[PDB]
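Below is one structure, written out as structure tokens; comments come after it.
Chains as they are written, first to last, in the authors' numbering: chain A, 594 to 643; chain B, 792 to 840.
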């Protein structure tokens, strides 16, 4: 329970900032590999823009 | 004779640009498929311990 509790606020902060970062992005995120996929898409778009 | 040199030099420069572009593509592919566990501590060591 203590381990789960020490991990509880960390998890909650992760979820909070995850939702915020998801909303800052047009596409909605659902999984870790999905997050990295979106990240590489972002790098691609950045290269084209520059 | 003059234009031959320009063709050669242009060939080399275009090759270089393509190399750079593909290098960026490789890094992007990498981060797309890789960051979830990048640069983490070695498990062989800890399992041995």
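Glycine is no exception: its CB is placed at the ideal position from the N, C-alpha and C atoms.
Can the beta-carbon of residue i be found closer than 7 angstroms to that of residue j?
i	j	result
residue 637(A)	residue 819(B)	yes
residue 645(A)	residue 823(B)	The structure shown does not extend to residue 645(A), since chain A is modelled only from 594 through 643, so no value can be given for it.
residue 797(B)	residue 629(A)	no
residue 631(A)	residue 620(A)	yes
residue 615(A)	residue 605(A)	no
Of all the CB atoms in chain A, is at least one closer than 7 angstroms to the CB of residue i?
i	result
residue 828(B)	no
residue 822(B)	yes
residue 819(B)	yes
Please report whether the beta-carbon of residue i lies at a distance below 7 angstroms from any beta-carbon of chain B.
i	result
residue 629(A)	yes
residue 625(A)	yes
residue 622(A)	no
residue 637(A)	yes
residue 633(A)	yes
- [ ] For the region 608 to 626 of chain A and the region 794 to 802 of chain B, state whether three or more C-beta atom pairs, one from each stretch, are separated by less than 8 angstroms.
- [x] no
Open item on the list: Threshold first: 3 residues or longer. Then list the beta strand (DSSP E) segments lying entirely within the region 796 to 826 of chain B, N to C.
Closed with: none
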